[PDB]
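Below is one structure, written out as structure tokens; the observations come after it.
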Amino acid sequence: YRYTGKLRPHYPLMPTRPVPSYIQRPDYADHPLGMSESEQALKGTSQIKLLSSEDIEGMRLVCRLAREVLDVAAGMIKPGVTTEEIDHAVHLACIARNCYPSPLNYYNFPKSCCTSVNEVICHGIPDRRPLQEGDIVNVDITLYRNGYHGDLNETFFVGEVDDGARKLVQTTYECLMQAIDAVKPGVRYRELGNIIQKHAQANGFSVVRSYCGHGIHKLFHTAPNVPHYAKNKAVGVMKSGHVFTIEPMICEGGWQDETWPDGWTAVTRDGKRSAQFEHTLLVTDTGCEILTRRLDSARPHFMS
Ligand SMILES: CCCC(CCC)[C@H](N)P(=O)(O)O
Ligand SMILES: [Co+2]
Ligand SMILES: [Co+2]
């Protein structure tokens with residue numbers, strides 16, 4: 090395998106971290122290939138759940154806890170810390186909140202969160218590499234509590250980064266907030282990609298195509314599929330009570346992606362950097378509630 094960039098995996102990994110049995114587990118947790126029967130049963134559906142009041146409550150809760158966990162990870166980012174060390178802390182932080190780390194054994198993913206450095210677009214596996222000055226690192230958290238998943242990510246700066254890293258991460262965050270700001274009943278899920286690409290392109294960046302935002306609630310990934318690029322053919326119209334993510338991945342170079350032989354780690358084919366931000370959103374009568382919002386600050390961690 091020819092690596093697209095300078096990054097390499099740093100194995101071996103620490104043995105699988107156990108989750109105490111008193112933590113409620115999603116269905117895939119103990120499937121041998123980490124497949125989710127509830128997802129399998131609904132695969133290919135276009136129908137979007139309308140959440141009940143109790144659902145909304147469970148989504149608010151798990152998304153607030155997920156935010157707390159991301160905030161733990163953010164506080165650890167600095168040169169020298171390994172992504173594996175972040176994942177350990179995250180795993181403990183989930184358990185400490187009576188939650189299961191959704192990524193863990195999701196389709197056999199080996200860790201409890203995704204850590205994506207520089208040219209990793211998404212789904213990077215926490216490993217023994219210490220973060221280096223000038224890196225950008227995204228940590229993507231999902232927790233599972235009482236039958237509900239809550240999903241968010243942020244890109245972070247490791248020490249001083251260069252002007253291109255600043256611009257990439259700022260622009261990515263802007264893309265996200267501009268898409269969120271359009272969300273309300275009656276808007277077509279496909280329009281979000283128009284808004285994202287218009288902003289990325291204005292700033293000299295491309296938009297990943299192979300990964301999309303998604304519905305989330307009792308299932309980790311379900312309807313709707315939400316592409317982040319212009320003129321896509323997503324199906325569906327936003328309605329009050331819909332819950333989904335928007336998670337644009339934006340790149341310095343070209344948009345094309347490939348996967349490492351680990352089956353997960355998605356990288357730019359050109360080996361240039363990519364950044365991402367993600368929130369879980371609930372469509373309300375008037376607009377949208379950002380379930381995974383930071384509560385103790387108006388801003389993401391990279392600004393502050
Ligand atoms: C280990 C998996 C975790 C992953 C989804 C996997 C398909 C992310 N939270 P995503 O939905 O890409 O934001
Ligand atoms: Co995520
Ligand atoms: Co997601």
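The sequence shown begins at 90 in the deposited numbering and counts up by one. All C-beta atoms in this analysis are idealised placements derived from N, C-alpha and C, irrespective of residue type, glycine included.
Coil, strand or helix - residue i by DSSP
i	result
residue 61	With the chain covering only 90 through 393, there is no way to say anything about residue 61.
residue 100	coil
residue 202	coil
residue 326	strand
residue 209	strand
residue 111	coil
residue 120	coil
Run of the beta strand (DSSP E) containing residue i, from where it starts to where it stops
i	result
residue 288	Element bounds for residue 288: not the beta strand (DSSP E) but the alpha helix (DSSP H), 280–291.
residue 346	346–348
residue 365	363–365
residue 355	355–357
residue 139	Here residue 139 belongs to no beta strand (DSSP E), and DSSP marks it neither H nor E.
Classification of residue i by the beta-carbon crowding that lies within 10 angstroms, buried from 16 upward
i	result
residue 110	exposed
residue 117	buried
residue 363	buried
residue 278	buried
residue 388	exposed
residue 324	exposed
residue 155	buried
residue 234	buried
residue 104	exposed
residue 122	exposed
residue 384	exposed
residue 100	exposed
N-terminal and C-terminal residue of the alpha helix (DSSP H) that residue i is part of
i	result
residue 380	Premise fails: residue 380 is in no alpha helix (DSSP H) and is neither H nor E.
residue 159	142–163
residue 183	172–185
residue 384	That residue, residue 384, is in no alpha helix (DSSP H); it is neither H nor E in DSSP.
residue 129	126–131
Residue(s) in a DSSP beta bridge with residue i
i	result
residue 190	232
residue 238	233
residue 246	225
residue 304	311 and 333
residue 368	335
residue 276	Residue 276 pairs with nothing; no bridge assigned.
residue 295	340
residue 219	171
Of the listed residues the options, nearest to residue i (C-alpha basis)
i	options	result
residue 197	145, 184, 125 and 140	125
residue 158	333, 347 and 243	243
residue 357	351, 199 and 345	345
residue 373	180, 145 and 224	145
residue 162	182, 151, 137 and 300	182
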